[PDB]
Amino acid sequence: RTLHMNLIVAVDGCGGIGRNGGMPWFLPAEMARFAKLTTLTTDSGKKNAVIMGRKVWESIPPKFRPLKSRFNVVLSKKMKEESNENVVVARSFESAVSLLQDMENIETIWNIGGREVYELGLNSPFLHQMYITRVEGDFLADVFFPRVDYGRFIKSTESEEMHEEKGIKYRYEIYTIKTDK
């Protein structure tokens, strides 16, 4: 019945998320946490879904692609269909969300973005939480997280320390839409 769409993203001090079609940094521990958050379900035997844009799909190393143990949905008007049964190509956000809510074995939808995919998520009735990694500094991004009104959310108050790997510092944040908390 209740179906959550959570967003997950890492943004720099300017709100940047991408540079030259890829990520402006590489943070293996942060990536491991990403994989755990998007894969783990409470009901064993249920699966999570990730919804992403074409350029996110093209930015995943083909070894890690499709993202294991998750149902992959790629938004694209130009991409040909994917033979793999863990990947479906959807032509609109509405059709992707309808397809996902039709599937009973899907527990949570993880919106892993592309700016426009994040933007559509922020207007979705299923919007629940934002898991935002805030990375310190300006990585000269050319793609940014959407403009968002944080006044719509409650920022969780659990203790959050600084992290550092590869000389790059970051901190985790969690937001819950006010109409749920």
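Start at 1 and count along the sequence shown; that's the residue number.
Engineer: Taking the mean of the C-alpha B-factors per stretch from the entry, tell me the winner out of 26 to 34 and 58 to 66.
Structural biologist: Taking the mean B-factor of the alpha carbons in each, 58 to 66 is higher.
Engineer: What stretch has the higher average Cα B-factor here, 40 to 48 or 146 to 154?
Structural biologist: Looking at the record's C-alpha B-factors, the answer is 40 to 48.
Engineer: Within this chain, which third does the Cα B-factor at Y118 fall in: lowest, middle or highest?
Structural biologist: It falls in the bottom third of the chain.
Engineer: Would you mind checking where the Cα B-factor of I174 ranks among the modelled residues of its chain, as the lowest, middle or highest third?
Structural biologist: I174: CA B-factor falls in the middle third of its chain.
Engineer: Split into thirds by Cα B-factor across the chain's modelled residues, where does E160 land: lowest, middle or highest?
Structural biologist: Answer is highest: the recorded C-alpha B-factor places it there.
Engineer: Split the chain's modelled residues into thirds by Cα B-factor; is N72 in the lowest, middle or highest one?
Structural biologist: It belongs to the middle third of the chain when residues are ordered by C-alpha B-factor.
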